[PDB]
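Only one chain is included here, represented as structure tokens and corresponding to the form deposited in one PDB entry.
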């Protein structure tokens, strides 16, 4: 139902109503053009209104993953790519310069359209821009932005991962290993990504997944439960004790803690070789 312009790295989706000169609306934080549609109706008798879903939002779709560096707070990839999207969009819709309005971060995209593709711009409006780079007090506002993101993404994550470990009674040596930062900045950003992904897409879905005790009894001859010798008292050992209680499936104790296969790989292997090998 939405129009599409295929660009390098994305299919850009946009609403288009009206007749007349082109007027491109660039959204802020919500990312999507639908917030402009009530406005577009008031205007459709005077402009061909184009309301964009920026490529990372809404119905637009990336055709390749974001570059890993986009996570850096001084990355310029996305803002420049958004501006180039609007310029390519204007060129595809019009042989003349067009009207552009951006709001909030969308007004920042519009600033970059004017800077890098002024030939597509007839008139432009910046609705309540939050850019701080050229301000006398730029550093104050930049630091506030940096600190709020740090608070939410990193502080919120470290405090909740500590809460997980205490909720499950994880042994210190396990807690430490599992929350240990990566020795490189690229490793640390990956480690953040991978943890957020686990929190959002794995922990809840897997720990309440569809497994019953009957699934264990049907194949009890195949199964060994393993409890670490250095992780006693933790919730995962209680899960195994329950399985054992209800099914008779054996528990074999194995060196190390929750991470004993890396903590004590010699001792872990010996148990497995005796079990199976």
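Numbering follows the first chain given and starts at 1.
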query	finding
91-99 set against 159-167, stretch whose average Cα temperature factor tops the other in the entry	159-167
Higher-B stretch (mean Cα B-factor, as the entry records it), 234-242 or 44-52	44-52
Peak C-alpha temperature factor (PDB record), options 134, 192, 117, 140	192
Selection by C-alpha B-factor (highest) of 121, 125, 111, 178	178
Third of the chain's Cα B-factor distribution that residue 203 belongs to, per the entry	middle
Third of chain Cα B-factors occupied by residue 85	lowest
Chain thirds of CA B-factor: placement of residue 248	lowest
Entry-reported Cα temperature factor of residue 150, expressed as the chain third it lands in	middle
Residue 75 - Cα temperature factor, lowest/middle/highest third of chain	lowest
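Missing here is the form deposited in another entry; even so, the following discussion is about that form.
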query	finding
Comparing forms between the shown form and the other one, the hinge position between rigid parts, one of 201, 256, 153, 238	153
Residue 190 and residue 147, C-alpha gap in that other deposited form relative to this structure (3 Å or more)	closer
Closer or farther: C-alpha pair residue 189/residue 146 in that other deposited form, relative to this form, given a change of 3 Å or more	closer
